[PDB]
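Below is one structure, written out as structure tokens, with a few remarks after it.
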């Protein structure tokens, strides 16, 4: 009942101690109403009249947080002109700092009558839809020391916010599956014992349960399909949904930085949950359709290049703004350490149909907030020629798809070249050069959420995604996976211990390779998705995490004692990866590395093209480490000796240099042998090595 | 020494409490040395070897602010390829946040042998160049009440740092013409008394006195030839040049802001002081010539659209970073509240012939520091289509040149269309909207450092820039002015009062015209340059401000006239409408209730054909003080007394009639020689005639 004009910046819900400033963009709306929602379901419509930059805005004192607010836009309803505004639907603030409730699917949330897509729907959208919230922006990050952990000291961990803690019998069933159950000391401590420096969560941006999904008993579980990029997802909030979740995720980040674990929340900006036409009408299509979504040359239909349904307009400057304003809000206000752009390949494509691609990596590389955080993405190829960009921000990294496809295609049985294999342990120096013209790292992974899990990775040759309901045609088809003898679990102990060390190999490869190793959550305990490699709608025992009570425990203390080895020996984590100098080393008795035959000699000019690159002996030196440290200190370390047997028949290797070596790891024995103490070796002496197995020696 | 790795961000020299972290962008250098200079000219070479994204960087612990550094770059000298590197010229860090010294012009700083322009010079440019200096960024902004005065309240004052406080008999000799002298209670007194709400600083980024001037008896007094966009110009500091100039500036904005006065600084971006080839190799030519300047068609030579030499390759990835990092270092480290873009017209012609132009007005649009501050610049006509940008930063303003050329043409006696002058008072609705598709303001000005001064505008018909040594072919050719009887200083009293009464017309028109006003340093006293209208090279008595003594009768009257026109504006809203006349018409609905209404000398409402008056000499604008349909800071109806503007640009007496039964109290008359805004006023009847001397104004007031 008291309306001041207020300010045009910042857009959204911003509370000035005893007032609130509301701002909403639209360049094609007629009139905007801000409907202050009451608990009894009544609308207190305040027309917003001050116009600046096509943003209507007004300030209401005495309107304190928890206040539920929406928008109503009267605009032209012409699907011929891309004008799909509607006054009946109560729109959502794209800068909603928090959102209450869930989508209750009905006729009302659709904005066209089910019979006619070009007709106008005039149902009230108000009770069924969600509801944006005025977030109290105060928070006490007490000693919030920003963990500036380096890339060459990082161990990422891909974990889901609900699927992680739903079954830990240590957390109250109150906090099970929730953001606070993330910052529980026992869980914050399970990573500390692993030795991970980077927690990369899945989308915490608030997402919508697909209509055609919940009406199938399922629910979007991963949720790369969002509506509001300024709010924690509310079904992960055990502290309620009336703005309290923002104090949740914030209380969970500070506790992570307490134990010095970074947060890397996942980010989708390649489509919106409103989907193509015939979808719902919730936030964007209603406020201003033709300058949030890229429309075809028939304004009635949205160009989905993938299956998503719609794509944002990456040339309309107000859309560029929601992205940089979205990224900045988390880094600064929720104190997040890096991002990862889902379908950054579909993302980086979209720009290049508006010339605006290489002008965006300029925006990234100039801004001080977003540049100096980790940006993790995936390689692409656009138009004709490739990336077609000049300057990659010098933290911008890719998930190495040609390393896992190279590792998976090693213990499987098929060949990768010894050249393909040399450059992969090396840290993919051939695809990611540190120049400042290419991504500067490789996020090595043997597995992630897409495709199998490490357990399923050696247990199936075809998927078993009939549980997704998509006719089994979905999901990665050629997982490059070998099942070790039979499909499904079988009792046969002969093969059941075969797999148990196949994962002891998949994990060891990841840790000794140069670069950034990433673990998917559950591959320490041996997590199984029932052969399902795309579990996006399995919000159940499929992608829950079973917590152990020996087999599942041997691998946990395998991983946890392996990660010790990575953190402890600097030849496996070289600040400048082998970007400069060759993979063989300039052959002499000083090089950082030199490759050997199981027979004993060095590889040679026409030896590097070994199609059956099954066996290898890689010697890394502990004194050729040509990098200064934190303070100009020469980082030094022992020399190590790797011996790979990606070949069934037992192989006999020979340790060169005549020097007392110590076997520090052996895949083949069942008790797990990072921790189990080992014997000394002489060097030169013939050793036998089990099939499909690794061994590593140590000497200063 | 002792060499640690360091980082690559932030570019430039940054003091760490115990160290200094250097970084320099050069994507074509082959190896970069850092040179720590002592006082006894000793260069300690430290080979920066770490290379992330073509930034060579190292961390030097124990290096302290005040320690002099520079860069030396080993790259190929092939101008047929465009590379003009030379290991022998002690470069400067483009990010250096305080610079010491001065160009000591000789053969050594130019980077080529004075016989051939295409060959290679090997002269040590270390004792003849400036030297970058590490700076301590700590400062105590106790309560920096950033005076975020809105555009309708803004009274902008264009001063020059030296040219404001050089001849003041209140400042000690120490602080005359400096930054700390800018912080004096005296000048801040005269800035408040006048009522300025934002002081505009002529170029403050360190600039290079052109060799063409230093071997000419002259020097670059303005400073539109800059080198390091991050440093206070050293020659303005009375405390020291090894870094300390940052500590003046901050304590200076500090003292200004406490008074409620913004700081809008002028920035020189269209060109760099190394200029075109045959120019001194100072900062960027040697580091990386390709990715700073706009070379084209032939590598050796620089696309010259700027007309002042080198342009700056607006698509280069680290040229966008240098500009944006330089804009906001002044807003969030020096606490500046706004900017002014010299030669924004040309800069937009450099930004668009790379097709990065639109990409920039989006880059300013999102950025929270550069967007939300006052952005002042020039109109332009780019390539094909004029503006050719979509949506402006909705704080973007222009220097309303079609205002001054329209009011100069008026009190000189030329027939600017009765519509061309309607919209100019009105808030310049026609050229400046508020959607976001055009600049959301109409910054007005009668005169400035470009062109005449206000006592010169009324005394000379042609420029007199002979003292510039450019043969008087430089300067605005027709300044649309008139000398008022005898060109120069006359003894004729009939002339001498005509001027100081024309000057009252020019100042008063300005202070009632909608939009955002602006004055230049000297007009409150009426400073004369001697008809010199481009005094860029007069660092002498020509453009210092003379301060009026106490027994200086006439000059003190203009000052007391000016100090109360700002009063009349800061005290009555009707002369500054939050949304200027931007939706409404320049006439209003011709009925009982309109914010505005235009009448005749003879006393009738002007007709639509009467809106086509070539000889548009006489006028009477009514503003309704109750028809202000704009909300308050809290939603109040802002209501006022009604005003009555009467103009006569004629040359004989014209009798006006007061259009409005009720009564009017005359509050401003220009023909009065005592000065009316600081005087009393008779009562006009409400229909009675008034005799109005030629070239004179009258404002009446009534609640």
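Cβ coordinates were reconstructed from backbone atoms using ideal geometry, including for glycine residues, and neighbour counts include every protein chain displayed. Numbers and lists here come from the model and the stated rules, or from a named source; none is laboratory data.
For the reader, a short list of remarks on this structure follows.
- For residue B:225, the stated conditions do not hold, so it cannot be described as touching a strand residue (DSSP E or B) at 6+ places or on another chain (Cβ under 6 Å), surrounded by fewer than 21 Cβ atoms within 10 Å (Cβ to Cβ), farther than 20 Å from residue B:541 by Cα and assigned by CATH to the domain that holds residue B:377.
- Given (1) part of a strand (DSSP E or B); (2) closer than 22 Å to residue A:183 by Cα; (3) out of contact with any helix residue (DSSP H, G or I) (no Cβ under 8 Å at 6 or more places or on another chain), number of the condition residue A:222 does not satisfy: (1)
- Selection status of residue B:242, assigned by CATH to the domain that holds residue B:399 and out of contact with any strand residue (DSSP E or B) (no Cβ under 9 Å at 6 or more places or on another chain): no
- Residue within the stretch B:146-162 that is buried (at least 17 other Cβ atoms within 10 Å of the Cβ), in a helix (DSSP H, G or I) and under 20 Å from the mean Cα position of the chain (by Cα) present: yes
- Filtered residues of the stretch B:1-20 (kept if under 16 Å from residue B:134 (Cα atoms), within 13 Å of chain A (Cβ to nearest Cβ) and assigned to a strand (DSSP E or B)): B:19
- For the stretch B:245-292, the set of residues classified as more than 30 Å from residue B:305 (Cα to Cα) and assigned to a loop (DSSP other than H, G, I, E, B) consists of B:259, B:260, B:261, listed by residue number.
- Residue list for the stretch A:652-698, restricted to those being farther than 19 Å from residue A:594 by Cβ and crowded, with 20+ Cβ neighbours inside 10 Å: A:665, A:666, A:667, A:672, A:673, A:674, A:689, A:692, A:693
- Matching residues, the stretch A:319-343, being over 19 Å from the mean Cα position of the chain (by Cα) and either buried (at least 19 other Cβ atoms within 10 Å of the Cβ) or at positive phi (or both): A:319, A:320, A:322, A:325
For every residue, the table says whether it meets (1) out of contact with any strand residue (DSSP E or B) (no Cβ under 6 Å at 6 or more places or on another chain); (2) assigned to a loop (DSSP other than H, G, I, E, B); (3) surrounded by 22 or more Cβ atoms within 10 Å (Cβ to Cβ); (4) not assigned by CATH to the domain that holds residue B:698.
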| position | (1), (2), (3), (4) |
| --- | --- |
| B:491 | yes, yes, no, yes |
| B:507 | yes, no, yes, yes |
| B:511 | yes, no, yes, yes |
| B:516 | yes, yes, yes, yes |
| B:522 | yes, yes, yes, yes |
| B:531 | yes, yes, yes, yes |
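- Lone qualifier among B:73, B:109 - being in a strand (DSSP E or B), on the phi < 0 side of the Ramachandran plot and not assigned by CATH to the domain that holds residue B:302: B:73
- Condition met for residue B:335 (closer than 18 Å to residue A:368 by Cα, away from every other protein chain (no Cβ under 14 Å) and either in contact with a helix residue (DSSP H, G or I) (Cβ under 8 Å, 6 or more places away or on another chain) or outside any loop (DSSP other than H, G, I, E, B) (or both)): yes
- No other residue among B:557, B:589 is out of contact with any strand residue (DSSP E or B) (no Cβ under 8 Å at 6 or more places or on another chain) and within 18 Å of residue B:427 (Cα to Cα) apart from B:589.
- Listed here are the helices (runs of 4 or more DSSP H) enclosed by the stretch B:344-428 that have at least 2 residues being surrounded by 22 or more Cβ atoms within 10 Å (Cβ to Cβ) and either away from every other protein chain (no Cβ under 14 Å) or in contact with a strand residue (DSSP E or B) (Cβ under 6 Å, 6 or more places away or on another chain) (or both): B:344-352, B:401-411, B:422-426.
- Checking the stated criteria, residue B:80 turns out not to satisfy the condition of being surrounded by fewer than 17 Cβ atoms within 10 Å (Cβ to Cβ), part of a strand (DSSP E or B) and outside the structural domain of residue B:331 (by CATH).
- Restricted to the stretch A:429-449, and to residues there that are surrounded by 22 or more Cβ atoms within 10 Å (Cβ to Cβ) and within 14 Å of chain B (Cβ to nearest Cβ), the residue that is nearest to residue A:362 (Cα to Cα) is A:439.
- Residue count for the stretch B:576-635, restricted to those that are within 14 Å of another protein chain (Cβ to nearest Cβ) and not in a loop (DSSP other than H, G, I, E, B): 1
- Selection count where residues are part of a strand (DSSP E or B) and closer than 19 Å to residue B:323 by Cα, scope the stretch B:23-57: 4
- Checked against (1) surrounded by 21 or more Cβ atoms within 10 Å (Cβ to Cβ); (2) within 14 Å of chain B (Cβ to nearest Cβ), residue A:463 meets all criteria but (2).
- Residue in the stretch B:555-569 that is touching a helix residue (DSSP H, G or I) at 6+ places or on another chain (Cβ under 9 Å), in the same structural domain as residue B:178 (by CATH), closer than 20 Å to residue B:169 by Cβ and part of a loop (DSSP other than H, G, I, E, B) present: no
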